[PDB]
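Visitor: For the sequence shown, position 350 (counting from the first letter as 1) is numbered 352 according to the numbering used here, and the numbering increases by one without interruption. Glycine is no exception: its CB is placed at the ideal position from the N, C-alpha and C atoms. Quick one: this structure, given as structure tokens, is what I'll be asking you about.
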Amino acid sequence: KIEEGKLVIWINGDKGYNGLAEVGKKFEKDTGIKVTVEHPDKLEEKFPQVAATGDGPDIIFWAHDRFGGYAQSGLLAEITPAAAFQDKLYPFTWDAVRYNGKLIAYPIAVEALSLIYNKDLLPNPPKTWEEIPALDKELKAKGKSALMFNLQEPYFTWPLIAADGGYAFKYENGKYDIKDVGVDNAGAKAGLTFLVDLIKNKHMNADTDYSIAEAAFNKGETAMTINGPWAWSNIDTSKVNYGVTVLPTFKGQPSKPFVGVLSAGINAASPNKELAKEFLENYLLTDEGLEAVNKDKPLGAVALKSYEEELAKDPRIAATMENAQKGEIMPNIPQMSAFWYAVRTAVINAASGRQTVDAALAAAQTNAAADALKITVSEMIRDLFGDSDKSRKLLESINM
Ligand SMILES: OC[C@H]1O[C@H](O[C@H]2[C@H](O)[C@@H](O)[C@@H](O)O[C@@H]2CO)[C@H](O)[C@@H](O)[C@@H]1O
Numbered sequence: 003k004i005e006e007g008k009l010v011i012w013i014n015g016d017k018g019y020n021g022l023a024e025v026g027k028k029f030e031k032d033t034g035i036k037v038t039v040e041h042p043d044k045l046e047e048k049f050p051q052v053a054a055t056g057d058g059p060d061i062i063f064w065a066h067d068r069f070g071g072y073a074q075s076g077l078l079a080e081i082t083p084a085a086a087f088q089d090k091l092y093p094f095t096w097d098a099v100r101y102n103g104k105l106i107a108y109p110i111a112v113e114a115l116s117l118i119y120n121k122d123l124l125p126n127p128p129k130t131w132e133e134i135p136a137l138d139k140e141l142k143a144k145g146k147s148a149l150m151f152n153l154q155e156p157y158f159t160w161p162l163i164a165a166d167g168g169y170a171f172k173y174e175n176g177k178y179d180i181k182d183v184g185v186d187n188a189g190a191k192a193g194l195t196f197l198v199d200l201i202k203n204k205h206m207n208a209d210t211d212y213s214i215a216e217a218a219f220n221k222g223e224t225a226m227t228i229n230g231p232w233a234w235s236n237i238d239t240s241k242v243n244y245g246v247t248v249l250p251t252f253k254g255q256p257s258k259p260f261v262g263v264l265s266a267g268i269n270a271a272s273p274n275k276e277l278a279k280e281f282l283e284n285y286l287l288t289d290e291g292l293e294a295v296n297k298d299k300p301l302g303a304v305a306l307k308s309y310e311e312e313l314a315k316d317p318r319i320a321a322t323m324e325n326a327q328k329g330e331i332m333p334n335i336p337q338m339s340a341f342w343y344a345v346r347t348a349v350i351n352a353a354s355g356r357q358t359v360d361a362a363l364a365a366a367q368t369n370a371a372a373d374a375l376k377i378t379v380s381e382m383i384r385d386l387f388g389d390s391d392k393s394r395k396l397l398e399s400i401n402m
């Protein structure tokens, strides 16, 4: 089901796959081992689906936030770098791929959203979200708009929602409290309420997705977008005079992007775990490998110490780091997917006017907390009963 003697790799359509294939070709040339790169859709859902029955890729690339849930499902192999190699990467990056004492992936890069603006339309960019509406009024009269960014994917809206108090799970004394969810606080209400208002005041469209925001920005139709470093190269092709900067503050407080570490995990069912380790350690995570991917779509602020000191001088990276320190490193816990489904439903509903901000978040709060708990209970019931019918038929029930 996974061919012994070859490497298949999954990484998302927005990332430097053609650049990674290049690294795959170099590997193939020293070791004779063919490396194949693919980007199926809904990768982060497609992976556990197929790997759960022993198929899928030898290697899986996603942000570190999904990996806790994969490791917990027994889907990843433990990764075991020698001290000397661990040393070449930033402590905090290893930390985000650490789950229950075990490293469960290789950290590749630090990804954070920034405000991307067109210097020709908007020479000085807004420092605040509260100035965006007025700005749009003025651009509208020129057949232009202030801002478009993907509203379909809560990853994008979230730094506004967190700005005044939203959070996934509370973090104190080294552990997460999956019973303390921060999606329906007053601050998360204010944040979404502002976003929803921009829609009501027709300063944005509820349908705006990733394609639509990217085409509009890169064609000069809109003065601002919110996007991660992978988007920079398409904008370079456009020749649009752009800057990458700090996100606008809301109610006076910085916007809080969820920070992701692009990680690479080995499929626990892979019969090429040794080849997979050599490709990631001696080929990808080098000045050579990273630069090959980064040339295709920029990775952000790479894990590897030696190559980050070059990338660090770039103002678009610094903008990334400043956005990143103002935000929070995503949790990697299994209950995270529950937080994301619930918030995806909420933003979508309040934006499309299907529910108010308040009924939207009230339901997101209930649902994230219950799905979170459900994820934990389910694990334990598997520990108590493995797969006696008592096990399957208790799970069946508990989920509804
Ligand atoms: O919005 C839900 C989604 O947010 C994050 O996914 C990001 C990803 O980390 C980035 O690498 C880039 O591809 O944008 C994605 C969303 O469009 C979370 O990592 C992901 O788990 C979550 O479902």
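With a threshold of 7 Å (Cβ to nearest heavy atom), would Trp342 be considered close to ligand 1?
Guide: Flag set: Cβ of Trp342 near ligand 1.
Visitor: Flag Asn14 as yes when its Cβ comes closer than 7 Å to any non-hydrogen atom of ligand 1, and as no otherwise.
Guide: Yes, Cβ of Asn14 sits closer than 7 Å to a heavy atom of ligand 1.
Visitor: May I ask you to report which of helix, strand or coil DSSP gives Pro231?
Guide: The answer is helix: DSSP assigns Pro231 an H, G or I state.
Visitor: Give the range of the alpha helix (DSSP H) segment to which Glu276 is assigned.
Guide: Note, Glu276: alpha helix (DSSP H), 275-281.
Visitor: Assuming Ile228 contacts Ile335 (C-beta within less than 8 Å), just tell me the rounded distance between them.
Guide: Contact flag wrong, Cβ pair sits at about 26 Å.
Visitor: From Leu397 to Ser75, what distance separates their C-alpha atoms?
Guide: For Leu397 and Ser75, the distance between alpha carbons rounds to 15 Å.
Visitor: What do you reckon, is the C-beta of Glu312 under 7 Å from a heavy atom of ligand 3?
Guide: The ligand content of the structure shown is limited to ligand 1, which means ligand 3 is not among them.
Visitor: Threshold first: 3 residues or longer. Then list the beta strand (DSSP E) segments lying entirely within the stretch 131-183, N to C.
Guide: Here the runs fully enclosed are 147-149, 169-174.
Visitor: When the Cα of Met226 is compared with those of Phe341, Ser147, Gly21, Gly18, which residue comes out closest?
Guide: With distances taken between Cα atoms, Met226 lies closest to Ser147.
Visitor: Drop a sphere of 10 angstroms on the beta-carbon of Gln255, count the other beta-carbons inside from all chains shown, and report buried for 16 or more, exposed for fewer.
Guide: Exposed, because fewer than 16 other Cβ atoms sit within 10 Å of the Cβ of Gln255.
Visitor: Note down, in chain order, each residue of its chain lying with its Cβ closer than 8 Å to the Cβ of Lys142, except the 5 sequence neighbours on either side.
Guide: Counting only Cβ-Cβ distances below 8 Å, and skipping sequence neighbours, we find nothing.
Visitor: For the beta strand (DSSP E) containing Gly267, name the first residue and the last one.
Guide: Segment 260-268, the beta strand (DSSP E) holding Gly267.
Visitor: Where does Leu397 fall in DSSP's three states?
Guide: Of the three classes helix, strand and coil, the one that applies to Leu397 here is helix, per DSSP.
Visitor: At the level of alpha carbons, what is the spacing between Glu310 and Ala266?
Guide: Using only the alpha carbons, I get a separation of about 18 Å.
Visitor: Note down the Cα distance separating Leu249 from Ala362, rounded to an integer number of angstroms.
Guide: Approximately 25 Å, taken between the alpha carbons.
Visitor: Taking the C-alpha atoms as reference points, what is the distance between residue 442 and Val183?
Guide: The first residue shown for the chain is 3 and the last is 402, placing residue 442 beyond what the model contains.
Visitor: How many angstroms separate the CA atom of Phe252 from the CA atom of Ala165?
Guide: Taking the straight line from one Cα to the other gives about 6 Å.
Visitor: Just tell me which of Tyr72, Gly262, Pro93 has its CA closest to the CA of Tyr157.
Guide: Comparing Cα-Cα distances from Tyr157 to each of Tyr72, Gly262, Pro93, the minimum goes to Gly262.
Visitor: When the Cβ atoms of the stretch 280-300 are set against those of the stretch 73-92, are three or more pairs found closer than 8 Å?
Guide: Because the criterion of three Cβ pairs below 8 Å is met, the stretch 280-300 and the stretch 73-92 touch.
Visitor: CB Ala365 to CB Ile61, shorter than 8 Å?
Guide: No; because the gap between Cβ atoms is not below 8 Å, this pair is not in contact.
Visitor: Using only the heavy atoms of ligand 1, determine whether one of them is closer than 7 Å to the beta carbon of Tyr101.
Guide: Incorrect: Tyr101 has no Cβ contact closer than 7 Å to ligand 1.
Visitor: Where does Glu40 sit, in a helix, a strand or coil, going by DSSP?
Guide: Reduced to three states, the DSSP call for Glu40 is strand.
Visitor: Decide if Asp385 is buried, meaning its Cβ has at least 16 other Cβ atoms within 10 Å, or exposed.
Guide: Exposed, because fewer than 16 other Cβ atoms sit within 10 Å of the Cβ of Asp385.
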